[PDB]
$ cat upload-v9.pdb   # PDB, C-alpha atoms
ATOM      1  CA  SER A   1     102.646-114.265 115.334
ATOM      2  CA  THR A   2     101.481-112.533 112.163
ATOM      3  CA  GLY A   3     102.857-110.145 109.585
ATOM      4  CA  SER A   4     101.228-107.716 107.175
ATOM      5  CA  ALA A   5     103.022-105.763 104.448
ATOM      6  CA  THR A   6     101.867-103.583 101.576
ATOM      7  CA  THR A   7     102.876-104.606  98.046
ATOM      8  CA  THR A   8     103.126-101.938  95.356
ATOM      9  CA  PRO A   9     103.198-102.196  91.549
ATOM     10  CA  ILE A  10     106.580-101.261  90.100
ATOM     11  CA  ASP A  11     105.071 -99.405  87.124
ATOM     12  CA  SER A  12     101.802 -98.310  85.537
ATOM     13  CA  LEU A  13     101.213-101.754  83.974
ATOM     14  CA  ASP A  14     101.516-103.870  87.156
ATOM     15  CA  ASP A  15     104.494-105.652  85.584
ATOM     16  CA  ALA A  16     105.516-106.784  89.068
ATOM     17  CA  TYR A  17     104.953-105.881  92.715
ATOM     18  CA  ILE A  18     107.502-104.947  95.373
ATOM     19  CA  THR A  19     107.201-105.444  99.126
ATOM     20  CA  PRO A  20     109.616-103.886 101.658
ATOM     21  CA  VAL A  21     111.655-106.429 103.648
ATOM     22  CA  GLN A  22     113.956-105.699 106.601
ATOM     23  CA  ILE A  23     117.219-107.661 106.541
ATOM     24  CA  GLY A  24     119.952-107.556 109.156
ATOM     25  CA  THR A  25     120.799-105.539 112.265
ATOM     26  CA  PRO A  26     120.414-102.608 112.048
ATOM     27  CA  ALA A  27     117.706-103.182 109.460
ATOM     28  CA  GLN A  28     118.490-102.769 105.790
ATOM     29  CA  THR A  29     115.197-102.401 103.917
ATOM     30  CA  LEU A  30     115.103-103.836 100.393
ATOM     31  CA  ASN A  31     112.108-103.961  98.057
ATOM     32  CA  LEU A  32     111.664-107.598  97.028
ATOM     33  CA  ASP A  33     109.447-109.309  94.456
ATOM     34  CA  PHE A  34     107.440-111.908  96.402
ATOM     35  CA  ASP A  35     107.321-114.933  94.114
ATOM     36  CA  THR A  36     105.047-117.912  94.811
ATOM     37  CA  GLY A  37     106.673-119.584  91.771
ATOM     38  CA  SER A  38     110.180-119.924  93.252
ATOM     39  CA  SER A  39     111.838-120.685  96.561
ATOM     40  CA  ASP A  40     114.989-118.539  96.885
ATOM     41  CA  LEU A  41     115.295-115.289  98.840
ATOM     42  CA  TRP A  42     118.079-113.496  96.984
ATOM     43  CA  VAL A  43     119.225-109.888  97.006
ATOM     44  CA  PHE A  44     121.399-107.433  95.216
ATOM     45  CA  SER A  45     124.326-106.971  97.550
ATOM     46  CA  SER A  46     127.757-105.474  98.149
ATOM     47  CA  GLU A  47     129.052-108.629  96.416
ATOM     48  CA  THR A  48     127.132-108.051  93.165
ATOM     49  CA  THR A  49     129.368-107.332  90.155
ATOM     50  CA  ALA A  50     129.408-103.542  90.054
ATOM     51  CA  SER A  51     128.543-103.254  86.338
ATOM     52  CA  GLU A  52     125.372-105.297  87.005
ATOM     53  CA  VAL A  53     123.979-102.903  89.646
ATOM     54  CA  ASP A  54     122.035 -99.907  88.255
ATOM     55  CA  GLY A  55     119.925 -98.200  90.910
ATOM     56  CA  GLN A  56     118.989-101.111  93.165
ATOM     57  CA  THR A  57     119.355-100.947  96.927
ATOM     58  CA  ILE A  58     121.965-103.458  98.068
ATOM     59  CA  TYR A  59     122.311-105.647 101.138
ATOM     60  CA  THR A  60     125.737-105.270 102.771
ATOM     61  CA  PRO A  61     126.254-108.223 105.133
ATOM     62  CA  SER A  62     129.403-106.701 106.654
ATOM     63  CA  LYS A  63     127.202-103.931 108.118
ATOM     64  CA  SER A  64     124.829-106.412 109.812
ATOM     65  CA  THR A  65     125.807-107.640 113.265
ATOM     66  CA  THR A  66     123.535-110.682 112.854
ATOM     67  CA  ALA A  67     124.847-111.746 109.417
ATOM     68  CA  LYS A  68     126.845-114.981 109.220
ATOM     69  CA  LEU A  69     128.354-116.501 106.095
ATOM     70  CA  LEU A  70     126.807-119.901 105.420
ATOM     71  CA  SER A  71     130.167-121.467 104.716
ATOM     72  CA  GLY A  72     130.462-123.318 101.409
ATOM     73  CA  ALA A  73     126.917-122.619 100.263
ATOM     74  CA  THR A  74     126.226-121.346  96.749
ATOM     75  CA  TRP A  75     123.085-120.788  94.721
ATOM     76  CA  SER A  76     122.191-120.413  91.070
ATOM     77  CA  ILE A  77     118.735-119.973  89.585
ATOM     78  CA  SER A  78     117.162-119.546  86.150
ATOM     79  CA  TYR A  79     113.609-118.327  85.759
ATOM     80  CA  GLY A  80     110.948-119.109  83.170
ATOM     81  CA  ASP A  81     111.570-115.779  81.412
ATOM     82  CA  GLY A  82     115.224-116.657  80.820
ATOM     83  CA  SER A  83     116.608-114.431  83.571
ATOM     84  CA  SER A  84     119.104-115.719  86.118
ATOM     85  CA  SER A  85     121.253-114.940  89.150
ATOM     86  CA  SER A  86     123.799-116.664  91.392
ATOM     87  CA  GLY A  87     126.039-116.111  94.390
ATOM     88  CA  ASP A  88     126.779-117.138  97.973
ATOM     89  CA  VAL A  89     124.692-117.275 101.147
ATOM     90  CA  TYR A  90     124.421-115.610 104.542
ATOM     91  CA  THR A  91     122.018-116.287 107.362
ATOM     92  CA  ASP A  92     120.486-113.174 108.902
ATOM     93  CA  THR A  93     117.355-111.834 110.551
ATOM     94  CA  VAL A  94     114.569-111.091 108.064
ATOM     95  CA  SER A  95     111.309-109.321 108.878
ATOM     96  CA  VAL A  96     108.221-108.846 106.705
ATOM     97  CA  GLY A  97     105.453-106.600 107.945
ATOM     98  CA  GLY A  98     106.321-107.115 111.613
ATOM     99  CA  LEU A  99     106.954-110.877 111.335
ATOM    100  CA  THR A 100     110.556-111.828 112.122
ATOM    101  CA  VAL A 101     112.538-114.946 111.183
ATOM    102  CA  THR A 102     116.011-115.460 112.617
ATOM    103  CA  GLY A 103     118.527-117.522 110.717
ATOM    104  CA  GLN A 104     116.911-117.012 107.331
ATOM    105  CA  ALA A 105     119.058-117.875 104.336
ATOM    106  CA  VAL A 106     119.701-114.626 102.453
ATOM    107  CA  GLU A 107     121.222-115.454  99.072
ATOM    108  CA  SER A 108     123.647-112.722  98.067
ATOM    109  CA  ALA A 109     123.970-112.210  94.337
ATOM    110  CA  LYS A 110     127.410-112.110  92.805
ATOM    111  CA  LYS A 111     125.942-112.115  89.279
ATOM    112  CA  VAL A 112     122.546-111.121  87.885
ATOM    113  CA  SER A 113     121.305-111.228  84.314
ATOM    114  CA  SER A 114     120.555-108.115  82.301
ATOM    115  CA  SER A 115     116.814-108.065  83.003
ATOM    116  CA  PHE A 116     117.474-107.729  86.739
ATOM    117  CA  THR A 117     120.093-105.017  86.235
ATOM    118  CA  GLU A 118     117.704-103.089  84.003
ATOM    119  CA  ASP A 119     114.912-103.082  86.583
ATOM    120  CA  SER A 120     116.089-100.579  89.210
ATOM    121  CA  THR A 121     112.878-101.053  91.248
ATOM    122  CA  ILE A 122     113.422-104.710  92.262
ATOM    123  CA  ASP A 123     116.164-105.333  94.829
ATOM    124  CA  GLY A 124     115.714-109.121  94.840
ATOM    125  CA  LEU A 125     113.196-111.918  95.133
ATOM    126  CA  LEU A 126     111.492-113.554  98.099
ATOM    127  CA  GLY A 127     110.409-117.069  97.100
ATOM    128  CA  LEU A 128     107.168-118.518  98.470
ATOM    129  CA  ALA A 129     106.900-121.815  96.599
ATOM    130  CA  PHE A 130     107.875-125.034  98.337
ATOM    131  CA  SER A 131     111.359-125.316  99.789
ATOM    132  CA  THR A 132     112.046-128.385  97.636
ATOM    133  CA  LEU A 133     112.790-125.898  94.783
ATOM    134  CA  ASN A 134     115.392-123.913  96.721
ATOM    135  CA  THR A 135     118.671-123.912  94.803
ATOM    136  CA  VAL A 136     121.201-123.582  97.646
ATOM    137  CA  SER A 137     123.906-126.247  97.455
ATOM    138  CA  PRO A 138     125.103-128.423  99.095
ATOM    139  CA  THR A 139     122.556-127.811 101.861
ATOM    140  CA  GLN A 140     119.119-126.780 100.604
ATOM    141  CA  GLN A 141     117.509-123.913 102.524
ATOM    142  CA  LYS A 142     113.969-123.150 103.655
ATOM    143  CA  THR A 143     111.799-120.297 102.447
ATOM    144  CA  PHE A 144     110.820-117.416 104.720
ATOM    145  CA  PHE A 145     107.313-118.887 105.001
ATOM    146  CA  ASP A 146     108.606-122.353 105.867
ATOM    147  CA  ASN A 147     110.824-120.909 108.599
ATOM    148  CA  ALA A 148     108.001-118.729 109.999
ATOM    149  CA  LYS A 149     105.241-121.352 109.764
ATOM    150  CA  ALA A 150     105.546-122.875 113.230
ATOM    151  CA  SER A 151     105.354-119.445 114.893
ATOM    152  CA  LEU A 152     102.389-118.222 112.868
ATOM    153  CA  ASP A 153      98.912-118.099 114.351
ATOM    154  CA  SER A 154      97.726-120.120 111.322
ATOM    155  CA  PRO A 155     100.097-121.741 108.754
ATOM    156  CA  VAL A 156      98.955-119.523 105.878
ATOM    157  CA  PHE A 157      99.843-116.488 103.853
ATOM    158  CA  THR A 158      97.532-114.473 101.589
ATOM    159  CA  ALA A 159      98.076-112.451  98.438
ATOM    160  CA  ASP A 160      95.771-109.510  97.750
ATOM    161  CA  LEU A 161      97.279-107.827  94.689
ATOM    162  CA  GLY A 162      95.880-104.562  93.430
ATOM    163  CA  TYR A 163      94.959-103.509  89.926
ATOM    164  CA  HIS A 164      96.952-100.358  89.269
ATOM    165  CA  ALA A 165      97.044 -99.950  93.059
ATOM    166  CA  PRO A 166      98.855-101.287  96.126
ATOM    167  CA  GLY A 167      97.774-104.479  97.819
ATOM    168  CA  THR A 168      98.775-106.667 100.745
ATOM    169  CA  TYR A 169     100.643-109.829 101.705
ATOM    170  CA  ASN A 170      99.532-111.189 105.088
ATOM    171  CA  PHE A 171     101.227-113.989 107.022
ATOM    172  CA  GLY A 172      99.553-116.072 109.674
ATOM    173  CA  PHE A 173      95.939-114.890 109.391
ATOM    174  CA  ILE A 174      93.068-114.402 106.964
ATOM    175  CA  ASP A 175      91.681-110.844 106.904
ATOM    176  CA  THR A 176      87.956-111.498 106.597
ATOM    177  CA  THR A 177      87.403-107.827 105.651
ATOM    178  CA  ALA A 178      89.570-108.142 102.539
ATOM    179  CA  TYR A 179      87.192-110.205 100.378
ATOM    180  CA  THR A 180      83.517-110.611  99.515
ATOM    181  CA  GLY A 181      81.475-113.772  99.796
ATOM    182  CA  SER A 182      83.233-116.979 100.805
ATOM    183  CA  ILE A 183      86.682-118.437 100.118
ATOM    184  CA  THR A 184      86.591-121.560  97.938
ATOM    185  CA  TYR A 185      89.423-123.964  98.662
ATOM    186  CA  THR A 186      90.919-126.312  96.078
ATOM    187  CA  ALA A 187      93.466-129.107  96.227
ATOM    188  CA  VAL A 188      97.191-128.530  95.639
ATOM    189  CA  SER A 189      99.864-130.833  94.253
ATOM    190  CA  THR A 190     103.359-130.128  95.562
ATOM    191  CA  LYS A 191     104.980-132.714  93.269
ATOM    192  CA  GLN A 192     106.642-130.015  91.126
ATOM    193  CA  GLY A 193     107.349-127.723  94.100
ATOM    194  CA  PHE A 194     104.670-125.228  93.025
ATOM    195  CA  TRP A 195     101.247-124.152  94.303
ATOM    196  CA  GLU A 196      99.760-126.288  91.546
ATOM    197  CA  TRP A 197      95.993-126.679  91.305
ATOM    198  CA  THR A 198      93.268-127.494  88.763
ATOM    199  CA  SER A 199      90.832-124.856  87.598
ATOM    200  CA  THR A 200      87.397-126.137  86.651
ATOM    201  CA  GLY A 201      87.005-124.116  83.457
ATOM    202  CA  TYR A 202      86.558-120.716  81.921
ATOM    203  CA  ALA A 203      84.261-118.235  80.219
ATOM    204  CA  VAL A 204      84.966-115.375  77.807
ATOM    205  CA  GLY A 205      82.999-112.215  78.522
ATOM    206  CA  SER A 206      79.309-112.959  78.914
ATOM    207  CA  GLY A 207      79.687-116.312  77.145
ATOM    208  CA  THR A 208      78.720-119.635  78.625
ATOM    209  CA  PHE A 209      81.092-121.334  81.026
ATOM    210  CA  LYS A 210      83.125-124.206  79.583
ATOM    211  CA  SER A 211      83.760-126.979  82.103
ATOM    212  CA  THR A 212      87.273-128.288  81.570
ATOM    213  CA  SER A 213      90.167-129.085  83.878
ATOM    214  CA  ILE A 214      93.116-126.696  83.581
ATOM    215  CA  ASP A 215      96.124-127.660  85.705
ATOM    216  CA  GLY A 216      98.324-124.679  86.521
ATOM    217  CA  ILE A 217     100.299-122.811  89.179
ATOM    218  CA  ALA A 218      99.452-119.788  91.301
ATOM    219  CA  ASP A 219     102.497-117.622  90.570
ATOM    220  CA  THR A 220     102.742-114.078  91.926
ATOM    221  CA  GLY A 221     106.131-113.713  90.210
ATOM    222  CA  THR A 222     104.677-113.993  86.692
ATOM    223  CA  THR A 223     102.938-110.939  85.246
ATOM    224  CA  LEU A 224     100.465-112.509  82.843
ATOM    225  CA  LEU A 225      97.984-115.380  82.583
ATOM    226  CA  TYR A 226      99.335-118.275  80.512
ATOM    227  CA  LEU A 227      96.738-120.840  79.432
ATOM    228  CA  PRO A 228      96.369-123.569  76.769
ATOM    229  CA  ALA A 229      96.330-122.333  73.190
ATOM    230  CA  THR A 230      92.691-123.447  72.704
ATOM    231  CA  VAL A 231      91.524-121.269  75.623
ATOM    232  CA  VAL A 232      93.628-118.275  74.589
ATOM    233  CA  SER A 233      92.432-118.459  70.976
ATOM    234  CA  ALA A 234      88.811-118.523  72.180
ATOM    235  CA  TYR A 235      89.471-115.378  74.224
ATOM    236  CA  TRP A 236      91.225-113.328  71.537
ATOM    237  CA  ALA A 237      88.685-114.350  68.872
ATOM    238  CA  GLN A 238      86.257-112.066  70.719
ATOM    239  CA  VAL A 239      88.497-109.000  70.102
ATOM    240  CA  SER A 240      88.292-107.527  66.609
ATOM    241  CA  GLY A 241      91.720-107.327  65.048
ATOM    242  CA  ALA A 242      93.532-109.354  67.697
ATOM    243  CA  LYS A 243      96.192-111.730  66.421
ATOM    244  CA  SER A 244      99.187-113.713  67.547
ATOM    245  CA  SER A 245     102.403-112.040  66.404
ATOM    246  CA  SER A 246     105.584-114.107  66.240
ATOM    247  CA  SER A 247     107.641-110.920  65.882
ATOM    248  CA  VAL A 248     106.173-109.427  69.062
ATOM    249  CA  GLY A 249     106.012-112.749  70.920
ATOM    250  CA  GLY A 250     102.328-113.195  71.683
ATOM    251  CA  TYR A 251      98.817-111.947  71.127
ATOM    252  CA  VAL A 252      98.421-108.249  70.351
ATOM    253  CA  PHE A 253      95.225-106.299  69.857
ATOM    254  CA  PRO A 254      94.214-102.844  68.638
ATOM    255  CA  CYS A 255      94.679-100.338  71.431
ATOM    256  CA  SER A 256      91.263 -98.931  70.451
ATOM    257  CA  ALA A 257      89.535-102.152  71.583
ATOM    258  CA  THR A 258      87.420-102.730  74.668
ATOM    259  CA  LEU A 259      88.470-106.103  76.038
ATOM    260  CA  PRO A 260      86.002-108.710  77.354
ATOM    261  CA  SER A 261      86.353-110.144  80.813
ATOM    262  CA  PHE A 262      87.739-113.623  81.429
ATOM    263  CA  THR A 263      86.314-115.938  84.081
ATOM    264  CA  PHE A 264      88.114-118.932  85.602
ATOM    265  CA  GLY A 265      86.617-121.648  87.782
ATOM    266  CA  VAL A 266      87.661-122.583  91.312
ATOM    267  CA  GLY A 267      85.554-125.601  92.124
ATOM    268  CA  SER A 268      81.971-124.421  91.731
ATOM    269  CA  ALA A 269      83.028-120.788  92.238
ATOM    270  CA  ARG A 270      84.039-118.244  89.586
ATOM    271  CA  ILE A 271      86.640-115.474  89.541
ATOM    272  CA  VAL A 272      86.064-112.741  86.976
ATOM    273  CA  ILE A 273      89.066-110.891  85.537
ATOM    274  CA  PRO A 274      87.789-107.563  84.142
ATOM    275  CA  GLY A 275      88.811-106.796  80.593
ATOM    276  CA  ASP A 276      90.913-103.799  81.606
ATOM    277  CA  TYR A 277      93.214-106.109  83.609
ATOM    278  CA  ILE A 278      94.141-107.824  80.311
ATOM    279  CA  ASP A 279      95.480-104.630  78.628
ATOM    280  CA  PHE A 280      99.280-104.336  78.877
ATOM    281  CA  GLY A 281      99.498-101.285  76.675
ATOM    282  CA  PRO A 282     101.386-100.360  73.521
ATOM    283  CA  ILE A 283     103.996-102.890  72.401
ATOM    284  CA  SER A 284     106.401 -99.959  71.994
ATOM    285  CA  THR A 285     106.010 -96.325  72.905
ATOM    286  CA  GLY A 286     103.381 -94.684  70.719
ATOM    287  CA  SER A 287     102.228 -97.862  68.972
ATOM    288  CA  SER A 288      98.553 -98.531  68.411
ATOM    289  CA  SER A 289      99.190-102.263  68.848
ATOM    290  CA  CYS A 290      98.709-103.309  72.469
ATOM    291  CA  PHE A 291      99.992-106.395  74.226
ATOM    292  CA  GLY A 292      97.538-108.909  75.655
ATOM    293  CA  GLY A 293      97.535-110.082  79.240
ATOM    294  CA  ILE A 294      96.339-113.594  78.389
ATOM    295  CA  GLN A 295      98.924-115.593  76.424
ATOM    296  CA  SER A 296      99.507-119.176  75.362
ATOM    297  CA  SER A 297     101.401-121.527  77.669
ATOM    298  CA  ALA A 298     102.211-123.849  74.744
ATOM    299  CA  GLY A 299     105.918-122.961  74.829
ATOM    300  CA  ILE A 300     106.276-123.178  78.637
ATOM    301  CA  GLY A 301     105.228-126.666  79.703
ATOM    302  CA  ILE A 302     102.863-125.455  82.439
ATOM    303  CA  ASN A 303      99.862-123.142  82.722
ATOM    304  CA  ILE A 304     100.514-120.089  84.897
ATOM    305  CA  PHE A 305      97.909-118.189  86.905
ATOM    306  CA  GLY A 306     100.061-115.077  87.174
ATOM    307  CA  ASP A 307      99.259-111.596  88.468
ATOM    308  CA  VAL A 308      96.569-110.890  85.813
ATOM    309  CA  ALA A 309      94.529-113.716  87.328
ATOM    310  CA  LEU A 310      95.609-113.452  90.963
ATOM    311  CA  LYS A 311      94.934-109.696  91.281
ATOM    312  CA  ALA A 312      91.258-110.397  90.566
ATOM    313  CA  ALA A 313      91.024-112.482  93.768
ATOM    314  CA  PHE A 314      91.929-112.702  97.407
ATOM    315  CA  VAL A 315      94.185-115.768  97.423
ATOM    316  CA  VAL A 316      94.974-117.999 100.409
ATOM    317  CA  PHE A 317      98.164-120.069 100.288
ATOM    318  CA  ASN A 318      97.372-122.647 102.977
ATOM    319  CA  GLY A 319     100.551-124.388 104.154
ATOM    320  CA  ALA A 320      98.885-126.877 106.441
ATOM    321  CA  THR A 321     100.232-130.434 106.394
ATOM    322  CA  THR A 322      98.090-131.000 103.298
ATOM    323  CA  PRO A 323      98.425-127.653 101.481
ATOM    324  CA  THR A 324      95.483-126.084  99.680
ATOM    325  CA  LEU A 325      94.690-122.884  97.786
ATOM    326  CA  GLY A 326      91.742-120.634  98.464
ATOM    327  CA  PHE A 327      90.200-118.010  96.180
ATOM    328  CA  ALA A 328      87.612-115.346  96.977
ATOM    329  CA  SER A 329      86.204-112.465  95.007
ATOM    330  CA  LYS A 330      86.909-108.985  96.358
TER     331      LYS A 330
END

$ encode --input "upload-v9.pdb" --output "structure tokens"
Amino acid sequence: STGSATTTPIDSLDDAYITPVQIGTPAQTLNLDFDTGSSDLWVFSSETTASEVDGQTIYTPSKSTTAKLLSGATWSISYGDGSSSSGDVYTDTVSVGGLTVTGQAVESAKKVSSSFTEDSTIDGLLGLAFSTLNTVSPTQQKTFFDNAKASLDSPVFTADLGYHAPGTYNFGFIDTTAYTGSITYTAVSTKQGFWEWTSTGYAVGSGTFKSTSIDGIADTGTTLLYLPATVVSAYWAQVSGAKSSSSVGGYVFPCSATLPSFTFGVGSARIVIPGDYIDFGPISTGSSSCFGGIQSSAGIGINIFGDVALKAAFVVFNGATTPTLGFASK
């Protein structure tokens, strides 16, 4: 089998992407944030505290003839941005882009933190990291990809995120029309449960490429590119007037600037992020200070190849027995 679904930016800055997902019988379609940095499929639901729902579409398990309470199971997750959610668990039929999994754990939120409530466009998350990170207790649950893998034509999914435009998540096949040149594959460590790999270096604009190993994760659920402070300083030093602002929480730059590109290495290959992808706009409405899309990872503990980086490539998440990542230009 295969599946193919369109993913759409939630706003004009590509702050996140939503993909429609059919849950239950008859189908209830919710727009979920596909997140290769976590491993829980959770939804706003009829069980969510009413004051914490503000415009989201909810899953109502009592209206699904295929929903079954997973008795005793609970979940609770906290994300790298400080947001969180928790609740109980049903199994139900879940379909993405024509690909159907029966018996998928659907984690029903009883509580969500303010950032989720405040984003009316995201009805939940669909985790695509390794199932070892799933938070369901006492019986850990598998991701949608893990459950679908055996049925897929090839044990892969691909992320093709758009810049200010829709893109595609495919399951089970590699669309050879969706990229240019060849796909370069690189080794993955699953020891932290992430799609963790080592980039071979970077360049700033037309500058020379610096060969240096940068361990990080391919994370579709993170907006920006988080890299070591040395790398980030070298980038922003090429932008007149750019500075790191403690009050804002990262590098800002004059909105009048033209940003240089940023290149990262995948083996001997190179992915170029155009400068425009690094502009996240005024820090507040009407400000002439703009927020940068490359930020320091120093306060995180891991480097994160988020959407800013991933949207510049066609990315293969290869879930073969030995997983690997593939990157192509497009």

$ atom_distance --input "upload-v9.pdb" --atom1 "atom CA of residue A:68" --atom2 "atom CA of residue A:92"
6.6 Å

$ resolve_selection --input "upload-v9.pdb" --expression "the PyMOL selection byres ((chain A and resi 46) around 9)" --output "PyMOL selection string"
chain A and resi 44-45+47-50+58-62+108-110

$ closest_atom_pairs --input "upload-v9.pdb" --of "stretch 34-103 of chain A" --to "stretch 168-185 of chain A" --cutoff "9 Å" --atoms "only C-alpha atoms" --output "CSV"
residue,atom,partner,partner_atom,distance
A:34,CA,A:169,CA,8.9
A:96,CA,A:171,CA,8.7
A:97,CA,A:170,CA,8.0
A:99,CA,A:171,CA,7.8

$ resolve_selection --input "upload-v9.pdb" --expression "the PyMOL selection byres ((chain A and resi 100) around 12)" --output "ChimeraX atom specification"
/A:1-4,21-24,27,92-99,101-104,144-145,147-149,151-152,171

$ write_last_selection --input "upload-v9.pdb" --atoms "C-alpha atoms" --output "mmCIF file, in the coordinates of the input"
data_model
loop_
_atom_site.group_PDB
_atom_site.id
_atom_site.type_symbol
_atom_site.label_atom_id
_atom_site.label_comp_id
_atom_site.auth_asym_id
_atom_site.auth_seq_id
_atom_site.Cartn_x
_atom_site.Cartn_y
_atom_site.Cartn_z
ATOM 1 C CA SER A 1 102.646 -114.265 115.334
ATOM 2 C CA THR A 2 101.481 -112.533 112.163
ATOM 3 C CA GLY A 3 102.857 -110.145 109.585
ATOM 4 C CA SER A 4 101.228 -107.716 107.175
ATOM 5 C CA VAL A 21 111.655 -106.429 103.648
ATOM 6 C CA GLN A 22 113.956 -105.699 106.601
ATOM 7 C CA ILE A 23 117.219 -107.661 106.541
ATOM 8 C CA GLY A 24 119.952 -107.556 109.156
ATOM 9 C CA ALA A 27 117.706 -103.182 109.460
ATOM 10 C CA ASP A 92 120.486 -113.174 108.902
ATOM 11 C CA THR A 93 117.355 -111.834 110.551
ATOM 12 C CA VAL A 94 114.569 -111.091 108.064
ATOM 13 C CA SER A 95 111.309 -109.321 108.878
ATOM 14 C CA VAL A 96 108.221 -108.846 106.705
ATOM 15 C CA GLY A 97 105.453 -106.600 107.945
ATOM 16 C CA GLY A 98 106.321 -107.115 111.613
ATOM 17 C CA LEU A 99 106.954 -110.877 111.335
ATOM 18 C CA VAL A 101 112.538 -114.946 111.183
ATOM 19 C CA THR A 102 116.011 -115.460 112.617
ATOM 20 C CA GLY A 103 118.527 -117.522 110.717
ATOM 21 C CA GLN A 104 116.911 -117.012 107.331
ATOM 22 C CA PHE A 144 110.820 -117.416 104.720
ATOM 23 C CA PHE A 145 107.313 -118.887 105.001
ATOM 24 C CA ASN A 147 110.824 -120.909 108.599
ATOM 25 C CA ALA A 148 108.001 -118.729 109.999
ATOM 26 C CA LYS A 149 105.241 -121.352 109.764
ATOM 27 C CA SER A 151 105.354 -119.445 114.893
ATOM 28 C CA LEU A 152 102.389 -118.222 112.868
ATOM 29 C CA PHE A 171 101.227 -113.989 107.022
#

$ residues_near_point --input "upload-v9.pdb" --point "(94.4, -105.7, 76.9)" --cutoff "8 Å" --atoms "all atoms listed in the file" --output "MDAnalysis selection string"
chainID A and resid 253 255 258:259 275:281 290:293

$ closest_residue --input "upload-v9.pdb" --among "A:203, A:266, A:214, A:248" --to "residue A:234" --atoms "all atoms listed in the file"
A:203

$ closest_residue --input "upload-v9.pdb" --among "A:326, A:221, A:87, A:282" --to "residue A:198" --atoms "all atoms listed in the file"
A:326

$ residues_near_point --input "upload-v9.pdb" --point "(94.6, -115.4, 97.4)" --cutoff "8 Å" --atoms "all atoms listed in the file" --output "PDB file with C-alpha atoms, in the frame of the given file"
ATOM      1  CA  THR A 158      97.532-114.473 101.589  1.00  0.00           C
ATOM      2  CA  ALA A 159      98.076-112.451  98.438  1.00  0.00           C
ATOM      3  CA  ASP A 160      95.771-109.510  97.750  1.00  0.00           C
ATOM      4  CA  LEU A 310      95.609-113.452  90.963  1.00  0.00           C
ATOM      5  CA  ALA A 313      91.024-112.482  93.768  1.00  0.00           C
ATOM      6  CA  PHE A 314      91.929-112.702  97.407  1.00  0.00           C
ATOM      7  CA  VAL A 315      94.185-115.768  97.423  1.00  0.00           C
ATOM      8  CA  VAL A 316      94.974-117.999 100.409  1.00  0.00           C
ATOM      9  CA  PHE A 317      98.164-120.069 100.288  1.00  0.00           C
ATOM     10  CA  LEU A 325      94.690-122.884  97.786  1.00  0.00           C
ATOM     11  CA  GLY A 326      91.742-120.634  98.464  1.00  0.00           C
ATOM     12  CA  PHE A 327      90.200-118.010  96.180  1.00  0.00           C
ATOM     13  CA  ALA A 328      87.612-115.346  96.977  1.00  0.00           C
TER      14      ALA A 328
END

$ residues_around --input "upload-v9.pdb" --residues "residue A:72" --least-positions-apart "4" --cutoff "9 Å" --atoms "only C-alpha atoms" --output "compact mmCIF listing (two decimals) with C-alpha atoms, in the coordinates of the input"
# COMPACT_ATOMS: atom_id res chain seq x y z
CA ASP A 88 126.78 -117.14 97.97
CA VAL A 89 124.69 -117.28 101.15
CA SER A 137 123.91 -126.25 97.46
CA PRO A 138 125.10 -128.42 99.10

$ resolve_selection --input "upload-v9.pdb" --expression "the PyMOL selection byres ((chain A and resi 268) around 10)" --output "PyMOL selection string"
chain A and resi 184+199-201+265-267+269-270

$ axis_aligned_box --input "upload-v9.pdb" --around "stretch 122-130 of chain A" --padding-each-side "6 Å" --output "AutoDock Vina command-line options"
--center_x 111.5 --center_y -114.9 --center_z 95.4 --size_x 21.3 --size_y 32.3 --size_z 18.2

$ atom_distance --input "upload-v9.pdb" --atom1 "atom CA of residue A:63" --atom2 "atom CA of residue A:120"
22.2 Å

$ residues_around --input "upload-v9.pdb" --residues "residue A:318" --least-positions-apart "2" --cutoff "7 Å" --atoms "all atoms listed in the file" --output "PyMOL selection string"
chain A and resi 155-157+316+320+323-325

$ closest_residue --input "upload-v9.pdb" --among "A:260, A:55, A:274, A:205" --to "residue A:119" --atoms "all atoms listed in the file"
A:55

$ atom_distance --input "upload-v9.pdb" --atom1 "atom CA of residue A:304" --atom2 "atom CA of residue A:36"
11.1 Å

$ closest_residue --input "upload-v9.pdb" --among "A:212, A:247, A:38, A:140" --to "residue A:128" --atoms "all atoms listed in the file"
A:38

$ closest_atom_pairs --input "upload-v9.pdb" --of "stretch 61-178 of chain A" --to "stretch 294-303 of chain A" --cutoff "12 Å" --atoms "all atoms listed in the file" --output "Markdown table"
| residue | atom | partner | partner_atom | distance |
| --- | --- | --- | --- | --- |
| A:79 | CA | A:300 | CA | 11.3 |
| A:80 | CA | A:300 | CA | 7.7 |
| A:81 | CA | A:300 | CA | 9.5 |
| A:82 | CA | A:300 | CA | 11.3 |

$ residues_around --input "upload-v9.pdb" --residues "stretch 186-193 of chain A" --least-positions-apart "2" --cutoff "6 Å" --atoms "only C-alpha atoms" --output "ChimeraX atom specification"
/A:130,132-133,196-197,324-325
